[PDB]
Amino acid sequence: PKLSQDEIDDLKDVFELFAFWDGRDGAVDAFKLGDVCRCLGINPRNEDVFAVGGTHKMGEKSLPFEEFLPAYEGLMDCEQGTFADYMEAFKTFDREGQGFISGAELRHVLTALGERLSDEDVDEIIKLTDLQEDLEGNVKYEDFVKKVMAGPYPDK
C-alpha cells in the first residue's frame, strides 16, 4: 500500500505488453523480469534480479501478475548509484588527473570489471551518446557519465 493505485495500473500496462510478446495466455517468462522492471524506471543489478526469481535462460518459468507485483516491490528498495560515486570510480584510472581517459582504457573497464557488458552493448551506448575522441586518442569521462544518466530522451 506504499505503491499508489495508479502506479499499480502503470505496472498492469507494462506487464501486458510483455505478456503479448511472450506468445500469450496472459503470462510472462521469468527471464524478462529485469527488462519489465527497467521500463518502469528502475536500474537493478543482475544480482538483485536473481535474488527475486529471474532466470538464466528462457523457457524455464512463467509468472502471473499476482507473483510479479511483490517481486517488483522488493526491487524498488535496492541501491542506485550517484554522480559522485561514478566520478570517484573513474578518477581512479586517470594518470595525469586532467579528466581524460583513452577510449582504450574505457572499453577495458566496461568489459572486464563489475558485471561485464558485451562489445555490441558497449558499441551501442557509444553510438547513442555520440561520444567522440580527440586527436591523441582521448575522451573526457565526465561528459559520458552525464549523458548516460540523462537517459535516452536526454531532453532539454
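Start at 1 with the first residue shown and count on from there.
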- Query: Looking at the deposited entry, does 94-102 or 62-70 carry the larger mean Cα B-factor?
  - Reply: 94-102
- Where do the C-alpha atoms have the higher mean temperature factor in this entry, in 142-150 or in 9-17? 9-17
- Member of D48, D35, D29, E88 with the greatest C-alpha B factor (per the PDB record): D48
- Quick tally, chain-level thirds of C-alpha B-factors: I126 sits in the lowest
